[PDB]
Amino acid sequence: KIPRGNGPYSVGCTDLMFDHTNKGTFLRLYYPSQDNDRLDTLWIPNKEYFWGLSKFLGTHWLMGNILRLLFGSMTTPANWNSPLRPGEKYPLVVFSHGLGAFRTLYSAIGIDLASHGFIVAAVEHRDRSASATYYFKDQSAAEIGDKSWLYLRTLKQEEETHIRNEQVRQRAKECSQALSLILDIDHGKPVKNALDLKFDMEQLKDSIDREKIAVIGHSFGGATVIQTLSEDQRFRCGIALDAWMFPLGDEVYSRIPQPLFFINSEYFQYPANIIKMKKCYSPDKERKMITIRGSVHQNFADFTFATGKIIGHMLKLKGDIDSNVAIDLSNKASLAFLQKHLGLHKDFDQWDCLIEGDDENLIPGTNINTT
């Protein structure tokens, strides 16, 4: 089981696609909801996502069917299409998934943030970095739910530099576009969700605190954080969770005016990657870095909660540290950073110590030596 948020709000969840095309925005929303008795949200909602995951892992598409059999009725504790909690403007987080992931696999993080009073828009990227995603080829296909699927693009070695950069820039634009969509919806622009879901988007009118916007992401999504920030001044800070820095152009390192927090796993990182993180540092710019002791790269995503301790450790979904303990540290450090850099009037400053790595399960800065 994926854990419930620790904050005082109930959390709801829905999906938004607009427009219906492969250049439109596709996101999963997590939001503070009213009390309700709605069903929990289906974690991986389509069989095609499991086929995509199979391709990502480099196995037979038949392994997709086994993953589906195993994980396909699993839920995450957000209430599907529950009404939005009225009477408050919420800060907004745009969330970017990793390579071979997709919008639904960072619910542990999304739910927790929402439970403390954020709206979270988890984008699904159409750069062919998602294991799978979908769109509709025309209006009629949208109306009848006739999906067209795009699966992960596998690259030759020779393409990696150029295409990964292409992808991160597209990811950035997708983050910007998703923000613009939510801002339009906030202002009251009618939006026809290409998904025909029973969640009225008019609820979100006047629900967004328009100036308090952050971008957060895992691995590829962490590089996405940095690109988005350099390109789009509406995002006031970023949190990169175990950023994979490789996709970023050399030009961007010196072009990130906003506060930026690096939260790393112990075992993922390596000098080449850390050096690039360090290139973002400058005495006029706000940067923090911590490393979660005993943690692995997948501690930041939901599959860390999907298996037992032994199978999970063997698969590198779990580290030495307990997955709940790890994500709690990342989530609370994140909340303190956000309160400080969006100017929130909450009690997240209670975890200010975590930003400085001041906890028995954290390492201030990094364990990686780079001299």
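Counting begins at 1, following the sequence as shown. Rigid core (definition): largest C-alpha set, two forms, superposition within 1.5 Å.
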Query raised in the report: in 9 other deposited structures of this protein, superposed on the rigid core, which stretch sits farther off in Cα RMS terms, 136-144 or 170-178?
Result: 136-144
Query raised in the report: in 9 other deposited structures of this protein, superposed by the rigid core, which stretch departs further from the shown form in CA positions, 55-63 or 310-318?
Result: 55-63
Query raised in the report: Comparing 66-74 with 335-343, where is the mean C-alpha B-factor higher?
Result: 66-74
Requested in this report: Can you let me know which of the two, 135-143 or 244-252, has the higher average C-alpha B-factor in the entry?
Outcome: 135-143
Query raised in the report: At the C-alpha atoms, which of 164, 205, 97, 212 reaches the highest B-factor in this entry?
Result: 205
Query raised in the report: Out of 127, 174, 159, 232, which one has a C-alpha B factor higher than all the others in the entry?
Result: 159
Query raised in the report: What third of its chain's C-alpha B-factors does residue 311 belong to: lowest, middle or highest?
Result: highest
Query - Third of the chain's Cα B-factor distribution that residue 275 belongs to, per the entry - result: middle
Report task. Looking at the entry's B-factor column for C-alpha atoms only, identify whether residue 51 ranks in the lowest, middle or highest third of its chain. Result -> highest
Query raised in the report: Would the CA B-factor of residue 302 place it in the lowest, middle or highest third of its chain?
Result: lowest
Report summary line: Sorting the chain's modelled residues by C-alpha B-factor and splitting them into thirds places residue 228 in the lowest
